[PDB]
Amino acid sequence: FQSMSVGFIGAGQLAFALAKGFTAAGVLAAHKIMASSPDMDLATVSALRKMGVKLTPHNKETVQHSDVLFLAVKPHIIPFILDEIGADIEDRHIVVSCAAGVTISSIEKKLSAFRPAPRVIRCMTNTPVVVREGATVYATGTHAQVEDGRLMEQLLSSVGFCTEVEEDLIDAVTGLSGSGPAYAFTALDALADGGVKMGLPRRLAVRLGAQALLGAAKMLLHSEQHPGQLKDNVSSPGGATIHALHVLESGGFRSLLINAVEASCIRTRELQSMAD
Amino acid sequence: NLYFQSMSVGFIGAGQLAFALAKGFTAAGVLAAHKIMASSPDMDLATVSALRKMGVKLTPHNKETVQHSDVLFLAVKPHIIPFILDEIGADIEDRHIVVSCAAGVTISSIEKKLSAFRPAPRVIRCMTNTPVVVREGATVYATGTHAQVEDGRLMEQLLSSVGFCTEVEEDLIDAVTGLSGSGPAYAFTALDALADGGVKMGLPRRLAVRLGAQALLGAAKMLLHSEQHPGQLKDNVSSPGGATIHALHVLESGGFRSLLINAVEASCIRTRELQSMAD
Amino acid sequence: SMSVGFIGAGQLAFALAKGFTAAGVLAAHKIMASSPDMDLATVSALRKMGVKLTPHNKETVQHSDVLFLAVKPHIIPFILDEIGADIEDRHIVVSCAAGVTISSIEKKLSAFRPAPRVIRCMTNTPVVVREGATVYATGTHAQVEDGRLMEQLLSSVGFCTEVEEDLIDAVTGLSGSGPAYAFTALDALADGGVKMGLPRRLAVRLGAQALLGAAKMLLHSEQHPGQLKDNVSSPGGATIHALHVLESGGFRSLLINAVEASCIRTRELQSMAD
Amino acid sequence: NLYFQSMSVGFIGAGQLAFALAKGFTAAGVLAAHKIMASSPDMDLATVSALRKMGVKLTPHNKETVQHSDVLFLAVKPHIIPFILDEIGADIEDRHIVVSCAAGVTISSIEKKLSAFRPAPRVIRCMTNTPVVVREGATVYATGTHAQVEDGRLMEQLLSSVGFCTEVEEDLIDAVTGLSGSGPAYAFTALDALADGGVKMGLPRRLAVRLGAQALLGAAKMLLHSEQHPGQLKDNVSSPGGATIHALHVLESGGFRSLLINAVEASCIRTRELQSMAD
Ligand SMILES: O=C(O)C1CCCC1
Ligand SMILES: O=C(O)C1CCCC1
């Protein structure tokens, strides 16, 4: 539905990523998106502007334009935003919070002081929506209609994986797929360094490592097999791969990724307990 | 709209790599499965049973593969290659392009073996990986002494149908083995561990596996489609004070980057050993 | 015709006065600095510089329009008690002390005269060679010309930009303490040069030149520091081998640890003040 | 500045170093971009597009660069140097000053190759770094057997226009490689990490990169302009009980200093290996 009007409160990386993805998917026209920022001097705002997205310094204007309204500002700004534009949330609005940690309860508490049944959806998505390969989960609020969940899923499915979850899973999702791309970019940078150390040109090492990661991830998604089984299938006895896997194990490679997911999840919980 | 009507492909070996390439080529539409033949000394393999269902011609005799094939993939373990080349060396004809996929095995050693039977064998050395099974492989190749200009181009067209493919100098292939050859196993290990992390924080295992794999897929795709440095893309994910930068700190504190450097180095060095102790 | 004063005549006051006068934005004789111990080395160097000196904080307040507070943070309250009754309409109070909040300064000064004009800044010692890194936050009653004047004064001795006050403790961890990280790194790099056979004097020069040149490349490039690192390291080469050993020691994480530890200690100290 | 009046400069190799030096030299006003020639086997590189846009003459034939040049910089990987010396060695004339920038490659090895062509090749070995592109390089050079006295003076004046430059005995050069040759990469790693630290504590990435870069620049300039020991300047920054000494403790607990010593040693040792891998 290109007839949908979409707003973003916040014109940062995620607003840009989602707007880019939605327009590339054909589901929205760029000029049917409006975004607001208190800082119009950002680079993301210039890219949004170049895309044809409407830009304004007035959050109220984004709200009035919008049918689906994404909250795409830092968690600690969300209560101030709700104070500011709570009076302007209408019954027709679906309010979609993308802020890490921020609970449906806290949003509904603010918005309920104005109209009684604000339709609220909480989502955790990630920057690969920009190439329509995002990972998105969402939870529906108290007054979100069944059609609202399905509309949400349809829209976010256009830019990658999307599924409904209970809200108590979202902080963990944040630690896994929300922060996940950054772990991968770190990994890809390091793998390229290892390629370069062993004699590959940087450009080729970056390409090969990224292609290797894309292909393996795709294999797993399209396989009913355990990742341990796919790992077994790669490594011939006495061979190069199993030697590399040993040195990963000796440094506690697996545990570092578990540490990461946990640290991001826990911090996400602190961002909310800091608020409440 | 690529298709090789004249080309008969054979695999010496019917294991994981031969399966992956034949599945990729057939899914790409570039080869009919019935125009592919694979040989193996063990017809009781699951990969062998899977190639059957695809329609691949199977035989226990490597000489049959060679007689049926124009493009000949050596998909056996490196230490088996010399015995293979001794076995079928007298069956190599002018028409054959021998594509070795064995890790570490040099063009020099293959040409020396085959040249004892017939001069000017056309040899191509290849490092590819298992994601060719989903047409997202990463493949490099190096052309031998007697490989014609059309030979490498033909191999690039074919291997491009199942993922990234480019020509390299042969002395890069051991390093590519360490990076993209072994790379999928690094990723499978990472995805298992990330799923463990998701489970620890309360996600169901199936969802954690799906989300972690989607995250890696999307990130890798972002980088392939971006002109930006992976550090710059990393910067765009992490909000100041946020969850991501906290998690990045704990990766750094464990030397995460150095473990991946360590791995590429270890695989490449083992690959060089596999050769150096062959010859 | 601007009069600048310094409460405290230690390392930071000398650094700023030296930078300001080397910059040509202030005459040394228009600068006054007060100290409870006129026998510090920093006092002699300010004297030799042409700065006016005194042991009366009240004389400095009376002398100047722009008043820098360059004492240790636990002294700021006792300085504000001592001179709060002498702050005039004309005064801009610029606190350089780590952690001390605009709120707490305005509260002490407001007991004597309403609407004190207060600026909080975080700078560092390289202002002495006019390559400092300075941020500042404007107080409740700072006029708009106060901040712009502040940025003009401090841009003459390095980078200067306005920040929200809640960023300043982090800046302290990064560019406030940063020169000490860099001096530690330079000492160690020189040790590495000496171990590999270089004379100490040459190793210190080359290591310092390397860090300066790389810093300037980054400041002047639109590119990411990762991308500039890629450009240094040829495949299989010496640099990528050295980067591996830094990575195996968690080099990056130690620098993150440092910025965090300094920021957290800055927050800790202010909460002890509260 | 009579050295540079009508002096022509050539680059064998058009990679990062050739661009940085060419950009540095032009920005200093010592050479017009049109008086600089560069050769590269692959003109498909980015630096070759950047250089071409500078008004710099490119060519794929190193013999063209040799013919067009007085001072000839060898800016190719160390394993290529003896291959280049064989290619253009008969074209090296008495007028040429051959300035090798390849890490590890010894004056002796270059002179031995070129001495078979003409008896007294003028050879200078150089270790510089990428900040010559903003005229803040760190350069050392050693003069060869047949370099005339003006050659070393000419070399010093040229490289002084893009940063620090001093003559050294050649046996120090591998160590300088480990320190200031590789050093900017250490700084870029450090700056990326400091910026991550700033982001973790709530700073926007852009501001954190700028603040971290300015802190390093200011501290380096401070040390260069001070007669004081680095530890004394460190002491001046740290207030008792304060934030800086707390941060320095955590650096010390991770062996921060030993990592930098490790780095200089590792690069120096790798440089020595790249020399001995040649001869
Ligand atoms: O706080 C953060 O870093 C966002 C939540 C997951 C992705 C970014
Ligand atoms: O081998 C290398 O990496 C070159 C020598 C110093 C910087 C690059």
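In what follows, chains are A, B, ... by sequence order, proteins preceding strands, each numbered from 1.
Contact count against chain C (heavy-atom pairs under 4.5 Å) is highest for D/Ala185 among D/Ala185, D/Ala215, D/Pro184. When each of C/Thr239, C/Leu243, C/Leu186, C/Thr266 is scored by its heavy-atom pairs under 4.5 Å with chain D, the top score falls to C/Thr239. Most heavy-atom pairs under 4.5 Å with chain D: of the set C/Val245, C/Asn231, C/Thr172, C/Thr125, this distinction falls to C/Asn231. The candidate from D/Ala266, D/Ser253, D/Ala263 with the greatest count of non-hydrogen atom pairs under 4.5 Å with chain C is D/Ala263. Interface remark: of the candidates D/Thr139, D/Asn262, D/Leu172, D/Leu172 forms the most heavy-atom pairs closer than 4.5 Å to chain C. Taking chain D as the reference chain and counting heavy-atom pairs below 4.5 Å, the highest number among C/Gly249, C/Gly250, C/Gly178, C/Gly176 is found for C/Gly249. With respect to chain C, the highest number of heavy-atom pairs below 4.5 Å among D/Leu207, D/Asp235, D/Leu217 belongs to D/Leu217. Interface summary for chain D: among C/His241, C/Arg252, C/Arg130, C/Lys195, the most heavy-atom pairs under 4.5 angstrom belong to C/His241. Comparing C/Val194, C/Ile264, C/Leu246 by how many heavy-atom pairs each has under 4.5 Å with chain D, the most go to C/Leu246. Ranking D/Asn129, D/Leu203, D/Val237, D/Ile245 against chain C, the residue ahead of the rest is D/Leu203, based on heavy-atom pairs under 4.5 Å. Contacts with chain C were tallied for D/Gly163, D/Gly178, D/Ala190; D/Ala190 has the most, counting heavy-atom pairs under 4.5 Å.
Of the atoms belonging to D/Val140, it is side-chain heavy atoms, and not backbone ones, that fall under 4.5 Å from chain C. In this structure, the portions of D/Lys221 lying under 4.5 Å from any heavy atom of chain C include both its backbone and its side chain. For C/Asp191, the parts sitting under 4.5 Å from any heavy atom of chain D are the backbone and the side chain alike. Residue contact with chain D, scored on non-hydrogen atoms closer than 4.5 Å, involves the backbone and the side chain of C/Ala203 alike. Proximity to chain D (any heavy atom under 4.5 Å) is restricted, for C/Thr161, to the side chain, taken from C-beta onward. Contacts of C/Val163 with chain D are made by side-chain atoms alone, with heavy-atom separations under 4.5 Å and no backbone atom involved.
Ion pair D/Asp192/C/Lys229 not flagged as a salt bridge, since none of the NZ, NE, NH1 or NH2 atoms sits closer than 4.0 Å to an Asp/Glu carboxylate oxygen. Ionic pairing of C/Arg120 and C/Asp166 is not present here: no N-O contact between side-chain nitrogen and carboxylate oxygen is shorter than 4.0 angstrom.
Listed here is the closest heavy atom pair of D/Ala138 and C/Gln209: CB-CG, 3.6 Å. Pairing each heavy atom of D/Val134 with each of C/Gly213, the nearest pair is CG2-O, 4.1 Å. Across every non-hydrogen atom of C/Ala17 and C/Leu46, the tightest pair is CB-CD2, 3.7 Å. C/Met122 approaches C/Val171 most closely through the heavy-atom pair CG-CG1, 4.0 Å.
Heavy-atom neighbours of D/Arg210 CZ from other residues, nucleotides or ligands within 6.0 Å: at or below the threshold of 12.
C/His224 is listed as a side-chain neighbour of D/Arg205, based on a closest heavy-atom distance under 4.5 Å.
Under a 3.5 Å cut-off, the side chain of D/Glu167 and the backbone N or O of D/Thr143 do not form any donor-acceptor pair.
The aromatic rings of D/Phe25 and D/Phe73 sit tilted, their planes meeting at an angle between 30° and 60°.
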Intermediate values then yes/no, side-chain contact (heavy atoms from CB on, under 4.5 Å), C/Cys160 and C/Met150: CA-CA 9 Å; C/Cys160 187; C/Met150 170 77 162; 5.5 Å; no

